[PDB]
>>> print(open('target_8.cif').read())   # mmCIF, C-alpha atoms (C1' of nucleotides)
data_final
#
loop_
_atom_site.group_PDB
_atom_site.id
_atom_site.type_symbol
_atom_site.label_atom_id
_atom_site.label_comp_id
_atom_site.auth_asym_id
_atom_site.auth_seq_id
_atom_site.Cartn_x
_atom_site.Cartn_y
_atom_site.Cartn_z
ATOM 1 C CA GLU A 7 -19.214 3.876 -19.719
ATOM 2 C CA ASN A 8 -19.637 7.404 -20.857
ATOM 3 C CA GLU A 9 -21.129 7.776 -17.387
ATOM 4 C CA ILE A 10 -17.873 6.766 -15.665
ATOM 5 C CA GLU A 11 -15.908 9.059 -17.897
ATOM 6 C CA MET A 12 -18.318 11.944 -17.294
ATOM 7 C CA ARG A 13 -18.068 11.345 -13.547
ATOM 8 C CA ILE A 14 -14.258 11.316 -13.644
ATOM 9 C CA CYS A 15 -14.082 14.478 -15.690
ATOM 10 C CA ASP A 16 -16.608 16.122 -13.426
ATOM 11 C CA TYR A 17 -14.464 15.262 -10.406
ATOM 12 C CA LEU A 18 -11.453 16.864 -12.099
ATOM 13 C CA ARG A 19 -13.548 19.932 -13.086
ATOM 14 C CA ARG A 20 -14.433 20.546 -9.439
ATOM 15 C CA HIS A 21 -11.167 19.512 -7.832
ATOM 16 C CA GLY A 22 -8.399 20.282 -10.288
ATOM 17 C CA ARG A 23 -5.166 18.273 -10.048
ATOM 18 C CA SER A 24 -5.942 14.861 -8.543
ATOM 19 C CA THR A 25 -4.498 11.360 -8.199
ATOM 20 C CA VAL A 26 -6.451 8.228 -9.100
ATOM 21 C CA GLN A 27 -6.729 7.526 -5.385
ATOM 22 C CA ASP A 28 -8.599 10.855 -4.903
ATOM 23 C CA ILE A 29 -11.035 9.984 -7.676
ATOM 24 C CA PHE A 30 -11.849 6.286 -7.022
ATOM 25 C CA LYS A 31 -12.671 6.726 -3.355
ATOM 26 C CA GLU A 32 -15.083 9.609 -4.020
ATOM 27 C CA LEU A 33 -16.703 7.898 -7.001
ATOM 28 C CA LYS A 34 -16.739 4.466 -5.316
ATOM 29 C CA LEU A 35 -15.226 2.710 -8.359
ATOM 30 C CA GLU A 36 -12.215 0.317 -8.574
ATOM 31 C CA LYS A 37 -8.876 2.117 -8.953
ATOM 32 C CA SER A 38 -8.135 0.050 -12.052
ATOM 33 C CA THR A 39 -11.446 1.152 -13.662
ATOM 34 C CA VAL A 40 -10.709 4.794 -13.007
ATOM 35 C CA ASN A 41 -7.143 4.414 -14.318
ATOM 36 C CA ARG A 42 -8.358 2.588 -17.493
ATOM 37 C CA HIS A 43 -10.604 5.569 -18.204
ATOM 38 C CA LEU A 44 -8.013 8.236 -17.295
ATOM 39 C CA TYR A 45 -5.507 6.710 -19.749
ATOM 40 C CA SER A 46 -8.258 6.495 -22.388
ATOM 41 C CA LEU A 47 -9.273 10.126 -21.791
ATOM 42 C CA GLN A 48 -5.633 11.144 -21.992
ATOM 43 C CA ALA A 49 -5.380 9.440 -25.399
ATOM 44 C CA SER A 50 -8.425 11.463 -26.463
ATOM 45 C CA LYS A 51 -6.908 14.755 -25.286
ATOM 46 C CA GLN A 52 -9.564 15.325 -22.635
ATOM 47 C CA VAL A 53 -7.268 15.045 -19.555
ATOM 48 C CA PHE A 54 -3.504 15.002 -19.052
ATOM 49 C CA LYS A 55 -1.129 13.696 -16.500
ATOM 50 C CA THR A 56 2.131 15.003 -15.138
ATOM 51 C CA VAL A 57 4.611 12.634 -13.601
ATOM 52 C CA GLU A 58 7.729 12.995 -11.508
ATOM 53 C CA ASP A 59 9.949 10.006 -10.702
ATOM 54 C CA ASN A 60 7.885 7.151 -9.153
ATOM 55 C CA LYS A 61 5.232 9.532 -7.798
ATOM 56 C CA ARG A 62 1.541 9.201 -8.269
ATOM 57 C CA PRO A 63 0.662 10.671 -11.609
ATOM 58 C CA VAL A 64 -1.499 13.730 -11.182
ATOM 59 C CA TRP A 65 -4.394 14.241 -13.518
ATOM 60 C CA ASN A 66 -6.258 17.323 -14.714
ATOM 61 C CA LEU A 67 -8.534 18.529 -17.492
ATOM 62 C CA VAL A 68 -6.946 19.726 -20.701
ATOM 63 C CA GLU A 69 -7.400 23.546 -21.075
ATOM 64 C CA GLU B 7 -19.002 -10.866 -1.728
ATOM 65 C CA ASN B 8 -19.218 -14.416 -0.602
ATOM 66 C CA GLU B 9 -20.566 -14.887 -4.118
ATOM 67 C CA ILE B 10 -17.332 -13.653 -5.734
ATOM 68 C CA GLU B 11 -15.288 -15.807 -3.435
ATOM 69 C CA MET B 12 -17.472 -18.850 -4.114
ATOM 70 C CA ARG B 13 -17.141 -18.232 -7.852
ATOM 71 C CA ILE B 14 -13.347 -17.940 -7.629
ATOM 72 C CA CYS B 15 -13.021 -21.085 -5.575
ATOM 73 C CA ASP B 16 -15.352 -22.897 -7.919
ATOM 74 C CA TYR B 17 -13.174 -21.887 -10.867
ATOM 75 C CA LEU B 18 -10.117 -23.279 -9.075
ATOM 76 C CA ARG B 19 -12.028 -26.486 -8.154
ATOM 77 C CA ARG B 20 -12.747 -27.155 -11.827
ATOM 78 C CA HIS B 21 -9.509 -25.897 -13.327
ATOM 79 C CA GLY B 22 -6.777 -26.477 -10.781
ATOM 80 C CA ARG B 23 -3.684 -24.250 -10.916
ATOM 81 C CA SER B 24 -4.643 -20.897 -12.450
ATOM 82 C CA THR B 25 -3.434 -17.305 -12.749
ATOM 83 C CA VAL B 26 -5.626 -14.316 -11.917
ATOM 84 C CA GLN B 27 -5.830 -13.631 -15.640
ATOM 85 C CA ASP B 28 -7.449 -17.080 -16.179
ATOM 86 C CA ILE B 29 -10.029 -16.382 -13.489
ATOM 87 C CA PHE B 30 -11.074 -12.749 -14.174
ATOM 88 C CA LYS B 31 -11.742 -13.240 -17.865
ATOM 89 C CA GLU B 32 -13.971 -16.283 -17.277
ATOM 90 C CA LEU B 33 -15.802 -14.691 -14.353
ATOM 91 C CA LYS B 34 -16.019 -11.268 -16.042
ATOM 92 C CA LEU B 35 -14.731 -9.416 -12.953
ATOM 93 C CA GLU B 36 -11.901 -6.821 -12.641
ATOM 94 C CA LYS B 37 -8.460 -8.386 -12.151
ATOM 95 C CA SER B 38 -7.967 -6.277 -9.031
ATOM 96 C CA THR B 39 -11.245 -7.606 -7.530
ATOM 97 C CA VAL B 40 -10.237 -11.188 -8.156
ATOM 98 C CA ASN B 41 -6.751 -10.565 -6.729
ATOM 99 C CA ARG B 42 -8.193 -8.830 -3.598
ATOM 100 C CA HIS B 43 -10.250 -11.960 -2.958
ATOM 101 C CA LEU B 44 -7.453 -14.441 -3.778
ATOM 102 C CA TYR B 45 -5.140 -12.749 -1.244
ATOM 103 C CA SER B 46 -7.985 -12.727 1.302
ATOM 104 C CA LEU B 47 -8.727 -16.418 0.677
ATOM 105 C CA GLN B 48 -5.034 -17.184 0.998
ATOM 106 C CA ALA B 49 -5.011 -15.470 4.410
ATOM 107 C CA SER B 50 -7.943 -17.699 5.376
ATOM 108 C CA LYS B 51 -6.165 -20.878 4.252
ATOM 109 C CA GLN B 52 -8.686 -21.626 1.516
ATOM 110 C CA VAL B 53 -6.316 -21.185 -1.487
ATOM 111 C CA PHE B 54 -2.548 -20.882 -1.866
ATOM 112 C CA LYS B 55 -0.187 -19.412 -4.339
ATOM 113 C CA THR B 56 3.199 -20.490 -5.592
ATOM 114 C CA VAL B 57 5.558 -17.954 -7.050
ATOM 115 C CA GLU B 58 8.761 -18.097 -9.039
ATOM 116 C CA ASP B 59 10.796 -14.961 -9.774
ATOM 117 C CA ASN B 60 8.591 -12.253 -11.393
ATOM 118 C CA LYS B 61 6.155 -14.810 -12.832
ATOM 119 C CA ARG B 62 2.437 -14.735 -12.484
ATOM 120 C CA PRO B 63 1.552 -16.266 -9.172
ATOM 121 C CA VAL B 64 -0.378 -19.466 -9.667
ATOM 122 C CA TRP B 65 -3.306 -20.178 -7.427
ATOM 123 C CA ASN B 66 -4.992 -23.382 -6.290
ATOM 124 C CA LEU B 67 -7.270 -24.746 -3.587
ATOM 125 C CA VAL B 68 -5.709 -25.834 -0.326
ATOM 126 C CA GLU B 69 -5.911 -29.677 0.038
ATOM 127 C CA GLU C 7 18.665 14.401 14.741
ATOM 128 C CA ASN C 8 18.873 18.036 13.926
ATOM 129 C CA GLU C 9 20.395 16.681 10.724
ATOM 130 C CA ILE C 10 17.226 14.758 9.801
ATOM 131 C CA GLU C 11 15.103 17.751 10.593
ATOM 132 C CA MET C 12 17.357 20.062 8.575
ATOM 133 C CA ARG C 13 17.198 17.634 5.652
ATOM 134 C CA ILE C 14 13.394 17.446 5.809
ATOM 135 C CA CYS C 15 13.011 21.193 5.972
ATOM 136 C CA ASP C 16 15.476 21.601 3.149
ATOM 137 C CA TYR C 17 13.429 19.211 1.015
ATOM 138 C CA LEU C 18 10.307 21.278 1.708
ATOM 139 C CA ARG C 19 12.213 24.535 0.972
ATOM 140 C CA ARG C 20 13.117 23.265 -2.496
ATOM 141 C CA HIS C 21 9.939 21.378 -3.307
ATOM 142 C CA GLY C 22 7.095 23.131 -1.539
ATOM 143 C CA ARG C 23 3.984 21.100 -0.678
ATOM 144 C CA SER C 24 4.972 17.445 -0.258
ATOM 145 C CA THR C 25 3.732 14.179 1.242
ATOM 146 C CA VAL C 26 5.842 12.051 3.576
ATOM 147 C CA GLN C 27 6.216 9.579 0.725
ATOM 148 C CA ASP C 28 7.903 12.303 -1.406
ATOM 149 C CA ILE C 29 10.342 13.095 1.389
ATOM 150 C CA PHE C 30 11.371 9.628 2.686
ATOM 151 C CA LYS C 31 12.223 8.194 -0.709
ATOM 152 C CA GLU C 32 14.460 11.146 -1.634
ATOM 153 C CA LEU C 33 16.127 11.275 1.778
ATOM 154 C CA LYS C 34 16.380 7.471 2.065
ATOM 155 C CA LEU C 35 14.921 7.418 5.600
ATOM 156 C CA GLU C 36 12.046 5.301 7.044
ATOM 157 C CA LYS C 37 8.606 6.854 6.509
ATOM 158 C CA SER C 38 7.936 6.606 10.239
ATOM 159 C CA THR C 39 11.154 8.554 11.018
ATOM 160 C CA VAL C 40 10.225 11.314 8.619
ATOM 161 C CA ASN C 41 6.666 11.452 9.996
ATOM 162 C CA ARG C 42 7.933 11.558 13.639
ATOM 163 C CA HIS C 43 9.998 14.609 12.707
ATOM 164 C CA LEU C 44 7.276 16.298 10.612
ATOM 165 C CA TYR C 45 4.822 16.089 13.539
ATOM 166 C CA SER C 46 7.540 17.394 15.880
ATOM 167 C CA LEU C 47 8.360 20.272 13.511
ATOM 168 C CA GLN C 48 4.666 21.047 13.222
ATOM 169 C CA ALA C 49 4.457 21.293 17.027
ATOM 170 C CA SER C 50 7.368 23.743 16.873
ATOM 171 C CA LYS C 51 5.688 25.894 14.212
ATOM 172 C CA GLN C 52 8.347 25.189 11.598
ATOM 173 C CA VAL C 53 6.118 23.259 9.120
ATOM 174 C CA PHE C 54 2.370 22.757 8.766
ATOM 175 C CA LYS C 55 0.111 20.207 7.265
ATOM 176 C CA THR C 56 -3.196 20.459 5.478
ATOM 177 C CA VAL C 57 -5.515 17.503 5.391
ATOM 178 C CA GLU C 58 -8.617 16.579 3.451
ATOM 179 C CA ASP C 59 -10.654 13.476 4.306
ATOM 180 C CA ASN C 60 -8.410 10.350 4.386
ATOM 181 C CA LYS C 61 -5.874 11.860 1.971
ATOM 182 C CA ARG C 62 -2.178 12.020 2.487
ATOM 183 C CA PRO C 63 -1.434 15.026 4.609
ATOM 184 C CA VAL C 64 0.559 17.561 2.658
ATOM 185 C CA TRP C 65 3.385 19.347 4.368
ATOM 186 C CA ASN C 66 5.056 22.708 3.809
ATOM 187 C CA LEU C 67 7.219 25.281 5.557
ATOM 188 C CA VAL C 68 5.518 27.849 7.741
ATOM 189 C CA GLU C 69 5.752 31.350 6.121
ATOM 190 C CA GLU D 7 19.550 -7.410 6.707
ATOM 191 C CA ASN D 8 19.981 -11.024 7.532
ATOM 192 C CA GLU D 9 21.300 -9.571 10.781
ATOM 193 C CA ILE D 10 17.978 -7.871 11.597
ATOM 194 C CA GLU D 11 16.093 -11.004 10.739
ATOM 195 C CA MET D 12 18.433 -13.155 12.833
ATOM 196 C CA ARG D 13 18.012 -10.748 15.746
ATOM 197 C CA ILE D 14 14.211 -10.822 15.464
ATOM 198 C CA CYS D 15 14.093 -14.586 15.292
ATOM 199 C CA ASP D 16 16.485 -14.827 18.195
ATOM 200 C CA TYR D 17 14.209 -12.586 20.258
ATOM 201 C CA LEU D 18 11.262 -14.863 19.465
ATOM 202 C CA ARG D 19 13.363 -17.981 20.267
ATOM 203 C CA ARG D 20 14.063 -16.655 23.762
ATOM 204 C CA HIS D 21 10.736 -14.993 24.466
ATOM 205 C CA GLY D 22 8.080 -16.936 22.607
ATOM 206 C CA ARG D 23 4.866 -15.124 21.642
ATOM 207 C CA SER D 24 5.613 -11.409 21.250
ATOM 208 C CA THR D 25 4.201 -8.234 19.707
ATOM 209 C CA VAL D 26 6.235 -5.962 17.441
ATOM 210 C CA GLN D 27 6.344 -3.474 20.300
ATOM 211 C CA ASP D 28 8.144 -6.078 22.488
ATOM 212 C CA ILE D 29 10.722 -6.697 19.776
ATOM 213 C CA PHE D 30 11.552 -3.166 18.510
ATOM 214 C CA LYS D 31 12.190 -1.680 21.930
ATOM 215 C CA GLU D 32 14.594 -4.472 22.931
ATOM 216 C CA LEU D 33 16.378 -4.482 19.575
ATOM 217 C CA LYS D 34 16.377 -0.669 19.293
ATOM 218 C CA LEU D 35 15.036 -0.713 15.712
ATOM 219 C CA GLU D 36 12.070 1.203 14.172
ATOM 220 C CA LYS D 37 8.730 -0.584 14.595
ATOM 221 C CA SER D 38 8.167 -0.379 10.844
ATOM 222 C CA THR D 39 11.536 -2.099 10.174
ATOM 223 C CA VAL D 40 10.721 -4.920 12.544
ATOM 224 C CA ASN D 41 7.227 -5.302 11.051
ATOM 225 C CA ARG D 42 8.617 -5.315 7.452
ATOM 226 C CA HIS D 43 10.856 -8.218 8.454
ATOM 227 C CA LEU D 44 8.190 -10.093 10.461
ATOM 228 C CA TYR D 45 5.825 -10.050 7.455
ATOM 229 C CA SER D 46 8.702 -11.162 5.206
ATOM 230 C CA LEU D 47 9.640 -13.979 7.604
ATOM 231 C CA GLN D 48 6.001 -15.007 7.772
ATOM 232 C CA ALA D 49 5.934 -15.263 3.963
ATOM 233 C CA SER D 50 9.000 -17.506 4.215
ATOM 234 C CA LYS D 51 7.386 -19.771 6.821
ATOM 235 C CA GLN D 52 9.903 -18.888 9.520
ATOM 236 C CA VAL D 53 7.466 -17.119 11.922
ATOM 237 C CA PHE D 54 3.682 -16.876 12.152
ATOM 238 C CA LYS D 55 1.205 -14.490 13.575
ATOM 239 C CA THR D 56 -2.134 -14.972 15.252
ATOM 240 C CA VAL D 57 -4.653 -12.183 15.260
ATOM 241 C CA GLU D 58 -7.873 -11.477 17.095
ATOM 242 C CA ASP D 59 -10.091 -8.520 16.171
ATOM 243 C CA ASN D 60 -8.066 -5.247 16.161
ATOM 244 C CA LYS D 61 -5.513 -6.582 18.659
ATOM 245 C CA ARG D 62 -1.799 -6.486 18.265
ATOM 246 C CA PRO D 63 -0.780 -9.432 16.173
ATOM 247 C CA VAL D 64 1.318 -11.825 18.191
ATOM 248 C CA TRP D 65 4.314 -13.410 16.577
ATOM 249 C CA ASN D 66 6.194 -16.649 17.195
ATOM 250 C CA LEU D 67 8.585 -19.064 15.522
ATOM 251 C CA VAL D 68 7.138 -21.740 13.286
ATOM 252 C CA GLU D 69 7.559 -25.219 14.917
ATOM 253 C "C1'" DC E 1 -3.300 3.240 4.890
ATOM 254 C "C1'" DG E 2 -4.939 8.774 7.422
ATOM 255 C "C1'" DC E 3 -0.323 6.336 11.594
ATOM 256 C "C1'" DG E 4 3.263 10.599 14.306
ATOM 257 C "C1'" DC E 5 2.238 6.564 19.084
ATOM 258 C "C1'" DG E 6 7.355 6.593 22.755
ATOM 259 C "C1'" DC F 1 -3.444 2.198 15.817
ATOM 260 C "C1'" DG F 2 -4.614 -3.433 13.238
ATOM 261 C "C1'" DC F 3 -0.042 -0.677 9.218
ATOM 262 C "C1'" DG F 4 3.917 -4.680 6.630
ATOM 263 C "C1'" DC F 5 2.774 -0.720 1.817
ATOM 264 C "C1'" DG F 6 7.999 -0.392 -1.684
ATOM 265 C "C1'" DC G 1 3.556 -5.932 -14.800
ATOM 266 C "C1'" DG G 2 4.999 -9.404 -9.741
ATOM 267 C "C1'" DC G 3 0.220 -5.252 -7.602
ATOM 268 C "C1'" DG G 4 -3.548 -7.605 -3.283
ATOM 269 C "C1'" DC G 5 -2.702 -1.695 -1.159
ATOM 270 C "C1'" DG G 6 -7.989 0.070 1.772
ATOM 271 C "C1'" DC H 1 3.187 0.494 -5.907
ATOM 272 C "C1'" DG H 2 4.554 4.063 -10.919
ATOM 273 C "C1'" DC H 3 0.145 -0.407 -13.210
ATOM 274 C "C1'" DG H 4 -3.632 1.686 -17.653
ATOM 275 C "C1'" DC H 5 -2.311 -4.149 -19.742
ATOM 276 C "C1'" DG H 6 -7.364 -6.271 -22.843
#
>>> encode(input="target_8.cif", output="structure tokens")
Amino acid sequence: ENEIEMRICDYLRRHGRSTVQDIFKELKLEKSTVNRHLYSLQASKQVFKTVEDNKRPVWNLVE
Amino acid sequence: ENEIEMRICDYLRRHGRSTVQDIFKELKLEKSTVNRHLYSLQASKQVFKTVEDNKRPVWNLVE
Amino acid sequence: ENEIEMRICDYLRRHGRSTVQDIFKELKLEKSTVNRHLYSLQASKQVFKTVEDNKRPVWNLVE
Amino acid sequence: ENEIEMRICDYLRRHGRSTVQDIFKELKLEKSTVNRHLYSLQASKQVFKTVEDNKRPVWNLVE
DNA sequence: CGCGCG
DNA sequence: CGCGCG
DNA sequence: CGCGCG
DNA sequence: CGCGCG
């Protein structure tokens, strides 16, 4: 869904840097569904993640 | 859902030993949703898994 | 231990805002031991936490 | 440790049904360490727990 | 799952 | 407060 | 890649 | 436990 992806991006717009756990609980979606879409949005240069060791990746909007 | 759990158990009744991947594609559910319910059904002695090394656990009905 | 508490505070000095999960894996201590000391250091005004909903508390040095 | 697990099982052999709180104070270990091992021993069919509502699980030796 | 809790 | 969870 | 985890 | 994986 474009709706899921809009809702994820809108969460990031309002909250800035967030983990998938942040996003799925607020949106009431499965974690795996939010992650599928985050990775897809990353591939499409709409969001990006930063990672450190085994930590939760942290997501934000590009630019 | 009792409906999800019924549908999982019904899959195992007809197919015997199965991996989560077997079950979620047929049922058209998320893998994580089917696994949540398999682990819950295992706790309630309705299904059991066998595991070997890092292999996919294989699930079946108890008795 | 004063040593544990020094090591926790030193982690926070170098890393800033961190969760207990950040700290226990680097320090190789139990999560519960690091949390016991974080709560104790908070009571002694040496660190503070900020919390939002059910999120991981995030810890940092006072001042 | 096999030593921790031996010590936990030995506690249960002598005391029968016990909570984690019973076991960690006598053994002078962290509660989380004793629970990690109880859950692991349960998976290996060496101990079992019974649970009722939100009560402390109660542990004993299998058979 | 936030948990530190003795 | 059940929590084991990595 | 085993992952269920809240 | 990082996991998105089809």
>>> residues_around(input="target_8.cif", residues="residue 37 in chain B", least_positions_apart="6", cutoff="9 Å", atoms="all atoms listed in the file", output="PyMOL selection string")
(chain A and resi 38) or (chain B and resi 26-27+29-31)
>>> write_last_selection(input="target_8.cif", atoms="C-alpha atoms", output="compact mmCIF listing (two decimals), in the frame of the given file")
# COMPACT_ATOMS: atom_id res chain seq x y z
CA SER A 38 -8.14 0.05 -12.05
CA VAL B 26 -5.63 -14.32 -11.92
CA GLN B 27 -5.83 -13.63 -15.64
CA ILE B 29 -10.03 -16.38 -13.49
CA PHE B 30 -11.07 -12.75 -14.17
CA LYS B 31 -11.74 -13.24 -17.86
>>> closest_residue(input="target_8.cif", among="C:33, C:15, C:10, C:49", to="chain E", atoms="all atoms listed in the file")
C:49
>>> interface_residues(input="target_8.cif", of="chain B", to="chain G", cutoff="6 Å", atoms="all atoms listed in the file", output="PyMOL selection string")
chain B and resi 41-42+45+60
>>> resolve_selection(input="target_8.cif", expression="the PyMOL selection byres ((chain B) within 12 of (chain D))", output="PyMOL selection string")
chain B and resi 48-50+54-57
>>> resolve_selection(input="target_8.cif", expression="the PyMOL selection byres ((chain C and resi 22) around 12)", output="short mmCIF file (atom, residue, chain, number, x, y, z; two decimals) with C-alpha atoms, in the frame of the given file")
data_model
loop_
_atom_site.label_atom_id
_atom_site.label_comp_id
_atom_site.auth_asym_id
_atom_site.auth_seq_id
_atom_site.Cartn_x
_atom_site.Cartn_y
_atom_site.Cartn_z
CA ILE C 14 13.39 17.45 5.81
CA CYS C 15 13.01 21.19 5.97
CA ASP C 16 15.48 21.60 3.15
CA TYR C 17 13.43 19.21 1.01
CA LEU C 18 10.31 21.28 1.71
CA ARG C 19 12.21 24.54 0.97
CA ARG C 20 13.12 23.26 -2.50
CA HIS C 21 9.94 21.38 -3.31
CA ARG C 23 3.98 21.10 -0.68
CA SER C 24 4.97 17.44 -0.26
CA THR C 25 3.73 14.18 1.24
CA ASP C 28 7.90 12.30 -1.41
CA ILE C 29 10.34 13.10 1.39
CA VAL C 53 6.12 23.26 9.12
CA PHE C 54 2.37 22.76 8.77
CA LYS C 55 0.11 20.21 7.26
CA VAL C 64 0.56 17.56 2.66
CA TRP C 65 3.38 19.35 4.37
CA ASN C 66 5.06 22.71 3.81
CA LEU C 67 7.22 25.28 5.56
CA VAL C 68 5.52 27.85 7.74
CA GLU C 69 5.75 31.35 6.12
#
>>> atom_distance(input="target_8.cif", atom1="CA of residue 35 in chain B", atom2="CA of residue 59 in chain D")
29.5 Å
>>> axis_aligned_box(input="target_8.cif", around="chain G", padding_each_side="5 Å", output="JSON")
{"center_x": -1.5, "center_y": -4.7, "center_z": -6.5, "size_x": 23.0, "size_y": 19.5, "size_z": 26.6}
>>> atom_distance(input="target_8.cif", atom1="CA of residue 32 in chain A", atom2="CA of residue 7 in chain B")
21.0 Å
>>> atom_distance(input="target_8.cif", atom1="CA of residue 43 in chain C", atom2="CA of residue 61 in chain A")
21.7 Å
>>> build_atoms(input="target_8.cif", residues="range 45-56 of chain D", atoms="N, CA and C atoms", output="tab-separated table (two decimals), in the frame of the given file")
chain	number	residue	atom	x	y	z
D	45	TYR	N	6.73	-9.66	8.57
D	45	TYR	CA	5.82	-10.05	7.46
D	45	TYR	C	6.60	-10.84	6.41
D	46	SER	N	7.81	-10.38	6.10
D	46	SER	CA	8.70	-11.16	5.21
D	46	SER	C	9.06	-12.57	5.72
D	47	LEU	N	9.36	-12.67	7.01
D	47	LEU	CA	9.64	-13.98	7.60
D	47	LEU	C	8.39	-14.85	7.65
D	48	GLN	N	7.23	-14.24	7.78
D	48	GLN	CA	6.00	-15.01	7.77
D	48	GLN	C	5.81	-15.62	6.36
D	49	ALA	N	6.15	-14.83	5.34
D	49	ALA	CA	5.93	-15.26	3.96
D	49	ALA	C	6.86	-16.42	3.71
D	50	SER	N	8.00	-16.45	4.40
D	50	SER	CA	9.00	-17.51	4.22
D	50	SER	C	8.90	-18.65	5.22
D	51	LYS	N	7.74	-18.72	5.87
D	51	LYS	CA	7.39	-19.77	6.82
D	51	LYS	C	8.35	-19.93	7.97
D	52	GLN	N	9.01	-18.85	8.37
D	52	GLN	CA	9.90	-18.89	9.52
D	52	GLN	C	9.24	-18.41	10.84
D	53	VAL	N	8.24	-17.54	10.76
D	53	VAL	CA	7.47	-17.12	11.92
D	53	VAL	C	5.99	-17.12	11.53
D	54	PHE	N	5.11	-17.02	12.50
D	54	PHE	CA	3.68	-16.88	12.15
D	54	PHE	C	3.01	-15.95	13.11
D	55	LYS	N	1.92	-15.35	12.67
D	55	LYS	CA	1.20	-14.49	13.58
D	55	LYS	C	-0.18	-15.06	13.78
D	56	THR	N	-0.74	-14.73	14.94
D	56	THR	CA	-2.13	-14.97	15.25
D	56	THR	C	-2.73	-13.63	15.57
